[PDB]
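The file entry.txt contains compact mmCIF, N, CA, C and O atoms:
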```txt
# COMPACT_ATOMS: atom_id res chain seq x y z
N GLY I 1 17.78 66.07 -60.69
CA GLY I 1 18.09 67.40 -60.20
C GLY I 1 19.02 67.39 -59.01
O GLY I 1 18.68 66.89 -57.94
N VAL I 2 20.22 67.94 -59.19
CA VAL I 2 21.23 67.99 -58.14
C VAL I 2 21.50 69.45 -57.83
O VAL I 2 22.14 70.15 -58.63
N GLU I 3 21.01 69.91 -56.69
CA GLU I 3 21.17 71.29 -56.25
C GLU I 3 22.30 71.34 -55.23
O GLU I 3 22.25 70.64 -54.21
N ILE I 4 23.30 72.16 -55.50
CA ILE I 4 24.54 72.21 -54.73
C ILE I 4 24.52 73.45 -53.85
O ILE I 4 24.29 74.56 -54.33
N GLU I 5 24.75 73.26 -52.55
CA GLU I 5 24.91 74.36 -51.60
C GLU I 5 26.26 74.18 -50.92
O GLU I 5 26.37 73.45 -49.93
N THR I 6 27.28 74.87 -51.43
CA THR I 6 28.66 74.66 -51.02
C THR I 6 29.00 75.57 -49.85
O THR I 6 28.80 76.78 -49.92
N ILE I 7 29.50 74.97 -48.77
CA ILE I 7 30.26 75.73 -47.77
C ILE I 7 31.63 76.02 -48.36
O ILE I 7 32.35 75.10 -48.78
N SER I 8 31.99 77.31 -48.38
CA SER I 8 33.03 77.94 -49.19
C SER I 8 34.41 77.27 -49.34
O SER I 8 34.86 77.19 -50.49
N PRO I 9 35.12 76.80 -48.29
CA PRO I 9 36.55 76.50 -48.47
C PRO I 9 36.80 75.26 -49.31
O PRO I 9 35.99 74.34 -49.37
N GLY I 10 37.95 75.26 -49.98
CA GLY I 10 38.34 74.22 -50.91
C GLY I 10 39.41 74.71 -51.86
O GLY I 10 40.25 75.52 -51.45
N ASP I 11 39.40 74.26 -53.11
CA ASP I 11 40.30 74.83 -54.11
C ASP I 11 39.56 75.23 -55.38
O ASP I 11 39.96 76.17 -56.08
N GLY I 12 38.49 74.51 -55.69
CA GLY I 12 37.67 74.83 -56.85
C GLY I 12 38.22 74.37 -58.18
O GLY I 12 37.69 74.78 -59.22
N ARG I 13 39.26 73.54 -58.19
CA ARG I 13 39.86 73.10 -59.45
C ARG I 13 40.14 71.61 -59.54
O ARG I 13 40.20 71.09 -60.66
N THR I 14 40.30 70.90 -58.43
CA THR I 14 40.63 69.48 -58.47
C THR I 14 39.31 68.72 -58.60
O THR I 14 38.70 68.32 -57.60
N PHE I 15 38.89 68.52 -59.79
CA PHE I 15 37.62 67.88 -60.03
C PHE I 15 37.81 66.37 -60.18
O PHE I 15 38.84 65.92 -60.70
N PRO I 16 36.86 65.57 -59.71
CA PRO I 16 36.93 64.13 -59.95
C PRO I 16 36.71 63.82 -61.42
O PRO I 16 35.86 64.41 -62.10
N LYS I 17 37.49 62.87 -61.92
CA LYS I 17 37.39 62.42 -63.30
C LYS I 17 36.97 60.96 -63.32
O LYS I 17 36.66 60.36 -62.28
N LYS I 18 36.97 60.37 -64.51
CA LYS I 18 36.53 58.99 -64.67
C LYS I 18 37.57 58.03 -64.10
O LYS I 18 38.78 58.20 -64.32
N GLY I 19 37.09 57.03 -63.37
CA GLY I 19 37.96 56.03 -62.79
C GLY I 19 38.80 56.48 -61.63
O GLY I 19 39.72 55.76 -61.22
N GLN I 20 38.52 57.66 -61.06
CA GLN I 20 39.28 58.17 -59.93
C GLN I 20 38.59 57.76 -58.64
O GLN I 20 37.44 58.14 -58.40
N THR I 21 39.29 56.98 -57.83
CA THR I 21 38.79 56.61 -56.51
C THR I 21 38.86 57.83 -55.61
O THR I 21 39.95 58.33 -55.30
N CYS I 22 37.70 58.31 -55.18
CA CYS I 22 37.59 59.57 -54.47
C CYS I 22 36.94 59.34 -53.11
O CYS I 22 36.15 58.42 -52.91
N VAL I 23 37.30 60.21 -52.16
CA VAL I 23 36.98 60.04 -50.75
C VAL I 23 36.04 61.16 -50.33
O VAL I 23 36.35 62.34 -50.52
N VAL I 24 34.89 60.79 -49.77
CA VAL I 24 33.83 61.72 -49.42
C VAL I 24 33.42 61.48 -47.97
O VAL I 24 33.12 60.35 -47.58
N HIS I 25 33.40 62.55 -47.17
CA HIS I 25 32.86 62.52 -45.82
C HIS I 25 31.37 62.84 -45.90
O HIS I 25 30.91 63.94 -45.59
N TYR I 26 30.59 61.85 -46.33
CA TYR I 26 29.17 62.08 -46.49
C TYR I 26 28.45 61.96 -45.15
O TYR I 26 28.92 61.30 -44.21
N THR I 27 27.28 62.60 -45.07
CA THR I 27 26.41 62.49 -43.91
C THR I 27 24.98 62.61 -44.40
O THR I 27 24.55 63.70 -44.79
N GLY I 28 24.25 61.50 -44.39
CA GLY I 28 22.91 61.49 -44.92
C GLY I 28 21.91 62.12 -43.98
O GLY I 28 22.09 62.16 -42.76
N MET I 29 20.83 62.63 -44.56
CA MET I 29 19.75 63.23 -43.79
C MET I 29 18.44 63.07 -44.56
O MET I 29 18.40 63.26 -45.78
N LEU I 30 17.39 62.70 -43.84
CA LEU I 30 16.04 62.70 -44.39
C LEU I 30 15.41 64.07 -44.20
O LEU I 30 15.59 64.70 -43.15
N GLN I 31 14.69 64.53 -45.22
CA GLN I 31 13.92 65.77 -45.11
C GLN I 31 12.83 65.60 -44.06
O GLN I 31 12.01 64.67 -44.16
N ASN I 32 12.84 66.49 -43.07
CA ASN I 32 11.93 66.47 -41.91
C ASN I 32 12.02 65.15 -41.16
O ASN I 32 11.03 64.62 -40.66
N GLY I 33 13.24 64.61 -41.08
CA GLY I 33 13.49 63.34 -40.45
C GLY I 33 14.91 63.26 -39.95
O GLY I 33 15.71 64.18 -40.16
N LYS I 34 15.23 62.14 -39.30
CA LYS I 34 16.53 61.97 -38.67
C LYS I 34 17.54 61.45 -39.69
O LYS I 34 17.26 61.34 -40.89
N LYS I 35 18.75 61.15 -39.21
CA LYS I 35 19.80 60.59 -40.04
C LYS I 35 19.47 59.16 -40.46
O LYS I 35 18.63 58.48 -39.85
N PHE I 36 20.16 58.70 -41.50
CA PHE I 36 20.10 57.30 -41.89
C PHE I 36 21.46 56.69 -42.21
O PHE I 36 21.59 55.47 -42.13
N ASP I 37 22.46 57.48 -42.57
CA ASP I 37 23.77 56.94 -42.92
C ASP I 37 24.81 58.04 -42.75
O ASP I 37 24.54 59.21 -43.04
N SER I 38 25.99 57.66 -42.28
CA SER I 38 27.06 58.63 -42.05
C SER I 38 28.41 57.93 -42.10
O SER I 38 28.62 56.91 -41.44
N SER I 39 29.33 58.52 -42.86
CA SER I 39 30.72 58.07 -42.88
C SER I 39 31.48 58.49 -41.64
O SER I 39 32.55 57.93 -41.37
N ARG I 40 30.97 59.46 -40.88
CA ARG I 40 31.60 59.85 -39.63
C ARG I 40 31.44 58.79 -38.56
O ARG I 40 32.27 58.69 -37.65
N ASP I 41 30.37 57.99 -38.65
CA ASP I 41 30.13 56.96 -37.66
C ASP I 41 31.11 55.81 -37.82
O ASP I 41 31.78 55.41 -36.86
N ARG I 42 31.23 55.29 -39.04
CA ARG I 42 32.15 54.19 -39.29
C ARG I 42 33.60 54.66 -39.35
O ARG I 42 34.51 53.84 -39.18
N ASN I 43 33.80 55.95 -39.62
CA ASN I 43 35.12 56.59 -39.80
C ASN I 43 35.93 55.94 -40.92
O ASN I 43 37.17 55.97 -40.91
N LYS I 44 35.24 55.35 -41.89
CA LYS I 44 35.83 54.80 -43.10
C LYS I 44 35.21 55.62 -44.23
O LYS I 44 34.12 55.29 -44.71
N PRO I 45 35.87 56.69 -44.67
CA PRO I 45 35.16 57.69 -45.48
C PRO I 45 34.92 57.33 -46.94
O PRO I 45 35.10 58.19 -47.81
N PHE I 46 34.52 56.08 -47.19
CA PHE I 46 33.82 55.61 -48.39
C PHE I 46 34.62 55.91 -49.67
O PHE I 46 34.28 56.78 -50.48
N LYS I 47 35.73 55.21 -49.79
CA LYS I 47 36.57 55.30 -50.97
C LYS I 47 35.86 54.67 -52.16
O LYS I 47 35.87 53.45 -52.33
N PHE I 48 35.26 55.51 -53.01
CA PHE I 48 34.53 55.04 -54.18
C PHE I 48 35.08 55.71 -55.42
O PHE I 48 35.65 56.81 -55.35
N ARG I 49 34.89 55.06 -56.55
CA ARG I 49 35.33 55.57 -57.84
C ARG I 49 34.17 56.20 -58.59
O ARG I 49 32.99 56.01 -58.26
N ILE I 50 34.52 56.96 -59.62
CA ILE I 50 33.58 57.73 -60.42
C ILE I 50 33.41 57.04 -61.76
O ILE I 50 34.40 56.71 -62.43
N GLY I 51 32.16 56.81 -62.16
CA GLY I 51 31.86 56.33 -63.48
C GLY I 51 31.47 54.87 -63.59
O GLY I 51 31.47 54.34 -64.71
N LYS I 52 31.13 54.22 -62.48
CA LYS I 52 30.72 52.82 -62.51
C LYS I 52 29.30 52.62 -61.99
O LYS I 52 28.90 51.47 -61.78
N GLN I 53 28.55 53.71 -61.77
CA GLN I 53 27.17 53.71 -61.27
C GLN I 53 27.05 53.00 -59.92
O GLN I 53 26.02 52.39 -59.62
N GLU I 54 28.10 53.08 -59.11
CA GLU I 54 28.07 52.48 -57.78
C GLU I 54 27.15 53.27 -56.86
O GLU I 54 26.22 52.71 -56.27
N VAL I 55 27.40 54.57 -56.75
CA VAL I 55 26.56 55.45 -55.96
C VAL I 55 25.34 55.86 -56.78
O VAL I 55 25.29 55.64 -57.99
N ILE I 56 24.36 56.46 -56.12
CA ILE I 56 23.12 56.90 -56.76
C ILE I 56 23.40 58.11 -57.64
O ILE I 56 24.46 58.75 -57.53
N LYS I 57 22.44 58.45 -58.50
CA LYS I 57 22.62 59.55 -59.44
C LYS I 57 22.61 60.90 -58.74
O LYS I 57 23.29 61.83 -59.19
N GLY I 58 21.87 61.02 -57.64
CA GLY I 58 21.87 62.27 -56.89
C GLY I 58 23.16 62.50 -56.13
O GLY I 58 23.45 63.62 -55.72
N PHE I 59 23.95 61.44 -55.94
CA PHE I 59 25.25 61.57 -55.29
C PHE I 59 26.40 61.52 -56.29
O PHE I 59 27.46 62.11 -56.03
N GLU I 60 26.22 60.84 -57.42
CA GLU I 60 27.28 60.77 -58.42
C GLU I 60 27.41 62.09 -59.17
O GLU I 60 28.53 62.55 -59.45
N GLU I 61 26.28 62.71 -59.51
CA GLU I 61 26.33 63.99 -60.21
C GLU I 61 26.77 65.12 -59.30
O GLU I 61 27.35 66.10 -59.77
N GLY I 62 26.53 64.99 -58.00
CA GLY I 62 27.03 65.99 -57.07
C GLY I 62 28.52 65.87 -56.82
O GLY I 62 29.16 66.85 -56.43
N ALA I 63 29.09 64.69 -57.05
CA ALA I 63 30.51 64.48 -56.79
C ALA I 63 31.38 65.12 -57.87
O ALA I 63 32.42 65.71 -57.55
N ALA I 64 30.98 65.01 -59.14
CA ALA I 64 31.75 65.61 -60.22
C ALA I 64 31.65 67.13 -60.22
O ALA I 64 32.54 67.80 -60.76
N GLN I 65 30.59 67.69 -59.64
CA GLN I 65 30.40 69.12 -59.56
C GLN I 65 31.12 69.74 -58.36
O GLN I 65 30.99 70.95 -58.15
N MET I 66 31.85 68.96 -57.59
CA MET I 66 32.62 69.47 -56.47
C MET I 66 34.11 69.39 -56.75
O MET I 66 34.55 68.83 -57.76
N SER I 67 34.90 69.93 -55.83
CA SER I 67 36.35 69.91 -55.94
C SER I 67 36.94 69.55 -54.58
O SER I 67 36.22 69.35 -53.60
N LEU I 68 38.27 69.49 -54.54
CA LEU I 68 38.98 69.13 -53.32
C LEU I 68 38.81 70.19 -52.24
O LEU I 68 38.99 71.38 -52.49
N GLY I 69 38.46 69.74 -51.04
CA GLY I 69 38.24 70.64 -49.94
C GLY I 69 36.83 71.17 -49.82
O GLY I 69 36.43 71.58 -48.72
N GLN I 70 36.06 71.17 -50.91
CA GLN I 70 34.73 71.76 -50.91
C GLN I 70 33.77 70.96 -50.04
O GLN I 70 33.93 69.76 -49.84
N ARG I 71 32.76 71.66 -49.53
CA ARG I 71 31.78 71.09 -48.61
C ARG I 71 30.41 71.50 -49.13
O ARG I 71 29.88 72.56 -48.77
N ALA I 72 29.82 70.67 -49.99
CA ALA I 72 28.52 70.99 -50.56
C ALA I 72 27.42 70.38 -49.71
O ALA I 72 27.66 69.78 -48.66
N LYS I 73 26.18 70.53 -50.16
CA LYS I 73 25.02 70.02 -49.44
C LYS I 73 24.00 69.56 -50.46
O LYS I 73 23.39 70.39 -51.14
N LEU I 74 23.81 68.25 -50.57
CA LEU I 74 22.99 67.70 -51.64
C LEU I 74 21.51 67.80 -51.31
O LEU I 74 21.09 67.76 -50.15
N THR I 75 20.71 67.91 -52.38
CA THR I 75 19.26 67.80 -52.31
C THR I 75 18.88 66.81 -53.41
O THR I 75 18.66 67.20 -54.56
N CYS I 76 18.84 65.53 -53.06
CA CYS I 76 18.61 64.48 -54.04
C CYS I 76 17.12 64.33 -54.29
O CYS I 76 16.32 64.27 -53.34
N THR I 77 16.74 64.30 -55.56
CA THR I 77 15.36 64.09 -55.93
C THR I 77 14.96 62.64 -55.64
O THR I 77 15.82 61.76 -55.53
N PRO I 78 13.66 62.36 -55.46
CA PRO I 78 13.26 60.97 -55.25
C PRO I 78 13.47 60.07 -56.46
O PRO I 78 13.95 58.94 -56.31
N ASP I 79 13.20 60.57 -57.67
CA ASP I 79 13.19 59.73 -58.86
C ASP I 79 14.57 59.33 -59.37
O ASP I 79 14.65 58.69 -60.42
N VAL I 80 15.65 59.69 -58.68
CA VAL I 80 16.97 59.21 -59.07
C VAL I 80 17.46 58.05 -58.20
O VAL I 80 18.29 57.26 -58.67
N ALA I 81 16.99 57.93 -56.96
CA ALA I 81 17.46 56.87 -56.07
C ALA I 81 16.37 55.91 -55.62
O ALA I 81 16.45 54.71 -55.91
N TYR I 82 15.33 56.40 -54.93
CA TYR I 82 14.38 55.49 -54.28
C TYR I 82 12.94 56.01 -54.31
O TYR I 82 12.16 55.66 -53.43
N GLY I 83 12.58 56.84 -55.29
CA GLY I 83 11.27 57.46 -55.27
C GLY I 83 10.14 56.50 -55.59
O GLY I 83 9.06 56.57 -54.99
N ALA I 84 10.37 55.59 -56.53
CA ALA I 84 9.37 54.58 -56.85
C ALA I 84 9.55 53.33 -56.01
O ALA I 84 8.59 52.82 -55.43
N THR I 85 10.79 52.85 -55.91
CA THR I 85 11.04 51.59 -55.21
C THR I 85 11.03 51.79 -53.70
O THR I 85 10.19 51.22 -52.99
N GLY I 86 11.96 52.59 -53.19
CA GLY I 86 12.08 52.78 -51.76
C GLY I 86 12.80 51.63 -51.08
O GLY I 86 12.51 50.46 -51.36
N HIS I 87 13.72 51.94 -50.20
CA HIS I 87 14.38 50.82 -49.54
C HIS I 87 13.53 50.32 -48.38
O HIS I 87 12.92 51.12 -47.66
N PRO I 88 13.45 49.01 -48.17
CA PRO I 88 12.70 48.49 -47.02
C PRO I 88 13.38 48.79 -45.69
O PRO I 88 14.42 48.21 -45.37
N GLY I 89 12.79 49.69 -44.92
CA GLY I 89 13.25 50.00 -43.59
C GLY I 89 14.07 51.26 -43.46
O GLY I 89 14.11 51.85 -42.37
N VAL I 90 14.71 51.71 -44.54
CA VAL I 90 15.64 52.84 -44.48
C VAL I 90 15.11 54.04 -45.24
O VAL I 90 14.90 55.11 -44.66
N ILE I 91 14.90 53.90 -46.55
CA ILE I 91 14.46 55.02 -47.38
C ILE I 91 13.11 54.70 -48.00
O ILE I 91 13.01 53.74 -48.77
N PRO I 92 12.08 55.47 -47.72
CA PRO I 92 10.75 55.15 -48.25
C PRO I 92 10.64 55.57 -49.70
O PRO I 92 11.51 56.28 -50.22
N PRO I 93 9.60 55.13 -50.40
CA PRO I 93 9.29 55.70 -51.71
C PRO I 93 8.87 57.16 -51.60
O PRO I 93 8.26 57.59 -50.62
N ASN I 94 9.23 57.91 -52.66
CA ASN I 94 9.06 59.37 -52.76
C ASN I 94 9.73 60.09 -51.59
O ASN I 94 9.09 60.74 -50.76
N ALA I 95 11.06 59.96 -51.52
CA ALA I 95 11.85 60.57 -50.47
C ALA I 95 12.85 61.54 -51.08
O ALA I 95 13.58 61.17 -52.00
N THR I 96 12.88 62.76 -50.56
CA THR I 96 13.84 63.76 -51.00
C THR I 96 15.04 63.70 -50.06
O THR I 96 14.95 64.10 -48.90
N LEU I 97 16.17 63.23 -50.58
CA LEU I 97 17.32 62.89 -49.75
C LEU I 97 18.25 64.08 -49.63
O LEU I 97 18.46 64.83 -50.59
N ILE I 98 18.82 64.24 -48.43
CA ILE I 98 19.72 65.34 -48.11
C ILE I 98 21.05 64.75 -47.65
O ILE I 98 21.06 63.79 -46.87
N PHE I 99 22.15 65.30 -48.14
CA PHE I 99 23.48 64.80 -47.83
C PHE I 99 24.43 65.94 -47.50
O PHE I 99 24.47 66.94 -48.23
N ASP I 100 25.19 65.79 -46.42
CA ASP I 100 26.28 66.70 -46.10
C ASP I 100 27.55 66.12 -46.72
O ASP I 100 28.17 65.21 -46.16
N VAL I 101 27.96 66.67 -47.86
CA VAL I 101 29.01 66.09 -48.68
C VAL I 101 30.21 67.02 -48.66
O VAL I 101 30.10 68.19 -49.04
N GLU I 102 31.34 66.49 -48.22
CA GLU I 102 32.62 67.18 -48.31
C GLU I 102 33.57 66.31 -49.12
O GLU I 102 33.71 65.11 -48.85
N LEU I 103 34.20 66.92 -50.12
CA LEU I 103 35.07 66.19 -51.04
C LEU I 103 36.52 66.42 -50.64
O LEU I 103 37.14 67.42 -51.03
N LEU I 104 37.04 65.51 -49.83
CA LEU I 104 38.46 65.47 -49.46
C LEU I 104 38.99 64.15 -50.01
O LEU I 104 39.09 63.15 -49.30
N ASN I 105 39.35 64.16 -51.29
CA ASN I 105 39.52 62.93 -52.05
C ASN I 105 40.99 62.60 -52.29
O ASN I 105 41.90 63.30 -51.83
N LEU I 106 41.21 61.53 -53.03
CA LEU I 106 42.51 61.14 -53.54
C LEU I 106 42.40 60.94 -55.05
O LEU I 106 41.33 61.10 -55.64
N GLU I 107 43.54 60.57 -55.66
CA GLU I 107 43.70 60.36 -57.10
C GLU I 107 43.26 61.55 -57.95
O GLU I 107 42.13 61.59 -58.43
```
I'd like the structure from this file rewritten - as structure tokens, please.
Amino acid sequence: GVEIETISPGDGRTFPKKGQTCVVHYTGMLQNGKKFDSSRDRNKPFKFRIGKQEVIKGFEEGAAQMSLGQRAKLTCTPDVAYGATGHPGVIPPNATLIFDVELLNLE
């Protein structure tokens, strides 16, 4: 389940396709918790491609549903990334992940 809450500006037509290296200013957030990851900190805005299962399903499905300039807000379910397993130290099991996702991409 990928629930999109878009902050309005963008173009609404430049959608990511397969094999397109796309650039996202992501900002992670735990529900009722602090941050855990941010591209604003490293200032290397995570040039990743679409269709190789590199990113999690709650972030990959949110990327194709956005366009250039758009600023959505992810609500990632636990069972797509870390709900059963959980990362040691960062993301616990059964965690509902929140992301501040803006798609200012290339290709």
Checklist entry - Smallest atom-to-atom distance to residue 101 (chain I): which of I:57, I:52, I:18, I:25, using only N, CA, C and O atoms? => result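 For residue 101 (chain I), the nearest of the given residues is I:25.
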Item to check | Residue list (strand (DSSP E or B), DSSP) for chain I, as a PyMOL selection string | outcome: chain I and resi 2+7+21-24+27-30+38+47-49+71-76+97-103
Checklist entry - Do you have the atom C of residue 79 (chain I)-atom C of residue 48 (chain I) distance handy? => result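 Answer for the atom C of residue 79 (chain I) to atom C of residue 48 (chain I) separation: 21.2 Å.
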Item to check | Residue among I:74, I:30, I:68, I:23 lying closest to residue 90 (chain I), counting all atoms listed in the file | outcome: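 Nearest to residue 90 (chain I): I:30.
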Next on the checklist: Measuring between all atoms listed in the file, which one of I:14, I:8, I:94, I:21 shows the shortest distance to residue 46 (chain I)?
Outcome noted: I:21
Item to check | Separation of atom O of residue 81 (chain I) from atom C of residue 69 (chain I) in Å | outcome: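 Calculated distance between atom C of residue 69 (chain I) and atom O of residue 81 (chain I) is 26.9 Å.
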Next on the checklist: Using Å and a single decimal, report how far atom C of residue 105 (chain I) sits from CA of residue 41 (chain I).
Outcome noted: 19.1 Å
Item to check | Residues within 10 Å of residue 59 (chain I), only C-alpha atoms, excluding chain neighbours under 2 positions, as a list in words | outcome: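 My list of contacting residues is residues 2, 26, 54, 55, 56, 57, 61, 62, 63, 64, 74, 75, 76, 80, 81, 97, 98, 99 and 101 of chain I.
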Checklist entry - Out of chain I, which residues get alpha helix (DSSP H) from DSSP, as a PyMOL selection string? => result chain I and resi 39-42+57-64+78-81
Checklist outcome for this item: Using all atoms listed in the file, the shortest atom-to-atom distance to residue 15 (chain I) among I:38, I:3, I:86, I:67 belongs to I:67
Next on the checklist: List as an MDAnalysis selection string the protein and nucleic acid residues near residue 20 (chain I), meaning an atom at most 5 Å away when only N, CA, C and O atoms are counted, but skip any in the same chain fewer than 4 places from it.
Outcome noted: chainID I and resid 48:50 107
Next on the checklist: If we count all atoms listed in the file and set the cut-off at 4.5 Å, which residues sit around residue 102 (chain I), ignoring sequence neighbours fewer than 2 positions away in its own chain? Please answer as a VMD selection string.
Outcome noted: chain I and resid 23 to 25 70 to 71 100 104
Next on the checklist: Just checking: using all atoms listed in the file, which residue out of I:78, I:51, I:22, I:31 ends up closest to residue 93 (chain I)?
Outcome noted: I:78
Item to check | Counting only C-alpha atoms, the option among I:106, I:17, I:65, I:95 closest to residue 32 (chain I) | outcome: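 Among the listed residues, the smallest separation from residue 32 (chain I) belongs to I:95.
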